[PDB]
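A lone chain, given as structure tokens: the form deposited in one PDB entry.
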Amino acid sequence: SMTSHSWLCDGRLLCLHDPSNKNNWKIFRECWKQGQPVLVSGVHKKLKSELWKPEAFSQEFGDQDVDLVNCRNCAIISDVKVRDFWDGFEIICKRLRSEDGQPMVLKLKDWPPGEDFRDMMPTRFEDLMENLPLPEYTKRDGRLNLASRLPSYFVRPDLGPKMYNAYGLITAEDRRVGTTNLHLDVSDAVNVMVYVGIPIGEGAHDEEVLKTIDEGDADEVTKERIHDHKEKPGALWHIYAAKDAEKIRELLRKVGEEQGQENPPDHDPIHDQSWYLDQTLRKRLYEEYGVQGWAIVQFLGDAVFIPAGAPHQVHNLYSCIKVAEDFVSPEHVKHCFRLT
């Protein structure tokens, strides 16, 4: 039967089921005020599916010049055409290969560039902004979005949205690599999974995705979403409470020193965006510092709400197109104030 909401993460994560129900705020508000992330399912059913396909981005925008990142070693592939990324998104035989001959795992960097999404893609911009959940919080002029209403004593977010495009990590060695490394934002954000590409035939890798889920931190009900095989899984997130950010910096300073990095005692390993917490590091964080996080699998059409100040990292299971909007809720405005 259809219901308003359910729980994941053993009751610690709210999952809203109807992205457009006008009463969602009544359930959302208390979880948000406590500094928890929230998940909203079903946003893909509200969107124009033909606007969000890899082949359409390649046809319309393929002659633009871009840089790519090699996820495995952080090497920059400079000044290539954006079609060279899009045409290998799902079809592994058409995908760029390393010198050694393996298909690469690539991220498309800063595309569309800066604040240019609205100008470059006006029909995509309208389809996303009109269908965002919790619209009093997430729309540019929502009543509970302070972004347009604050003075210069507050860091204000850039005009959005921002698109995040990257291939899935493939091998057992790739399990310890991030798509986006551990970092935090001083604004709130909503991140929507608009497309998942699952390769078939030549370079399929379904067995290592299921291993990664079965051997990892995820709760039994999320494992009972993977195994049902009704919905496409896109990306594995880990999110930590804003109150635990300094304990995480203490662990990463200790691990940087153990690995022979030579860092001043004040340096900020979260701002550096250089670390991915693998299973070994997540267990050390729990046992040595007493810090627990939220392990979240973002499926097609899931919207992840990330509280301001919360450290987070992302690991793509399959090839993903994500679209994110920043906002400034009253609950978390302290995180962007420039004094004390």
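Superpose the two forms; the largest set of C-alphas matching within 1.5 Å is the rigid core. In this text, residue numbers run from 1 along the sequence as written.
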{"query": "Higher-B stretch (mean Cα B-factor, as the entry records it), 311-319 or 273-281", "finding": "273-281"}
{"query": "Greater mean Cα temperature factor according to the PDB record, 131-139 or 99-107", "finding": "99-107"}
{"query": "Top Cα B factor in the deposited entry, candidates 189, 196, 218, 236", "finding": "218"}
{"query": "Residue with maximal Cα B-factor (values as given in the PDB entry) among 178, 168, 256, 88", "finding": "256"}
{"query": "CA B-factor ranking of residue 163, expressed as a third of its chain", "finding": "middle"}
{"query": "Residue 247, C-alpha B-factor rank within chain (lowest, middle or highest third)", "finding": "middle"}
{"query": "Record-listed C-alpha B factor of residue 66: chain third", "finding": "middle"}
{"query": "Chain-relative CA temperature factor third for residue 183", "finding": "lowest"}
{"query": "CA B-factor placement of residue 76, once the chain's modelled residues are sorted into thirds", "finding": "highest"}
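Note that the form deposited with a small molecule bound isn't included here; everything after this is about it.
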| item | value |
| --- | --- |
| Triplet 32, 258 and 330 all within 4.5 Å of the small molecule in the deposited complex via a heavy atom | no |
| Proximity to the small molecule in the deposited complex, single hit among 277, 47, 285, 295 (heavy atom within 4.5 Å) | 295 |
| Segment that reaches the small molecule in the deposited complex - one of 96-104, 119-127, 259-267, 140-148, heavy atoms within 4.5 Å | 96-104 |
| 4.5 Å heavy atom contact, residue 217 to the small molecule in the deposited complex | yes |
| Shifted position (C-alpha, 2 Å or more, core held fixed) between this form and the one not shown, chosen from 75, 200, 172, 93 | 200 |
| Yes/no, residue 216 Cα shift of 2 Å or more between this form and the one not shown with rigid core fixed | yes |
| Cα distance between residue 204 and residue 81, which in the deposited complex differs by 3 Å or more from this form, closer or farther | farther |
